[PDB]
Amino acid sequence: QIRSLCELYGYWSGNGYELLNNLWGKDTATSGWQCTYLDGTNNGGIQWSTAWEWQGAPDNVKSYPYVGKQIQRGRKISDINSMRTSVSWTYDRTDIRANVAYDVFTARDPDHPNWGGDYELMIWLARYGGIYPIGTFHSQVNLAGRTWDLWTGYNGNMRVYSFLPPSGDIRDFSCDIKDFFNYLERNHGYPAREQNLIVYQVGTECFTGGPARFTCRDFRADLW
């Protein structure tokens, strides 16, 4: 690895991307740790991985190490035409409580901190160990060439929309996240004309299990 980010909130940025050893829930663990590795920045993308083991509090996320596309504040979702992204990943085992997911926060306050927002949009590519997203099942949705189970609910005052695979995982994925926002704007009254983009990320939410290793073989993201 080019960089090993094993400290709490160990951080790298470059090429308009960033990487964080984002162990935001680790104090709920009874044992374990996690490191995030920058493996490469080849071909306009990022190659990275994370290794971990956690015990305790099986409904509590311990971490969400992520790669993020850096974005400028003050861009309304309605004024973003496209958020094209692809990811290729593997997990070395699936007998763990964890997901793989895109995470996007938006907020009416363009200076809202990066830990949250008014709204959260997640696109889950894996659902291991019997975990649930925030909220309850809403409806099925056709986007990005797939069918999704949409779940909705609240994390504090933040409304969370999570799009889940009905079965299996999706280890190679590409999409335009604006398709997901446009669907929410049409059918859920999502106020895209007053919501600003805060973060644009992919990573893995880790609850319990391991030793486990997530490998992001390639990540690319753009927006226009």
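Note that residue numbering follows the sequence shown and begins at 1.
Engineer: Select between 41-49 and 156-164 the stretch whose C-alpha atoms have the higher average B-factor in the entry.
Structural biologist: Stretch with the higher mean C-alpha B-factor: 41-49.
Engineer: Which is higher on average in the deposited entry, the C-alpha temperature factors of 3-11 or of 213-221?
Structural biologist: Mean CA B-factor is higher for 3-11.
Engineer: Determine which member of 123, 77, 143, 71 has the highest CA B-factor, using the values in the deposited entry.
Structural biologist: Highest C-alpha B-factor among the listed options: 71.
Engineer: Kindly indicate the residue among 196, 63, 182, 60 with the greatest C-alpha B-factor in the PDB record.
Structural biologist: The record points to 60.
Engineer: Which third of the chain does residue 171 land in by C-alpha B-factor: lowest, middle or highest?
Structural biologist: It falls in the bottom third of the chain.
Engineer: What third of its chain's C-alpha B-factors does residue 88 belong to: lowest, middle or highest?
Structural biologist: Its C-alpha B-factor, which the entry lists for residue 88, ranks in the lowest third among residues of this chain.
Engineer: Once the chain's modelled residues are ordered by C-alpha B factor and cut into thirds, is residue 67 in the lowest, middle or highest one?
Structural biologist: Lowest third, going by the recorded CA B-factors of the chain.
Engineer: So where's residue 187 on the chain's Cα temperature factor ranking, which third?
Structural biologist: Middle third, going by the recorded CA B-factors of the chain.
Engineer: By the record's CA B-factor, is residue 81 among the lowest, middle or highest third of residues in the chain?
Structural biologist: Answer is highest: the recorded C-alpha B-factor places it there.
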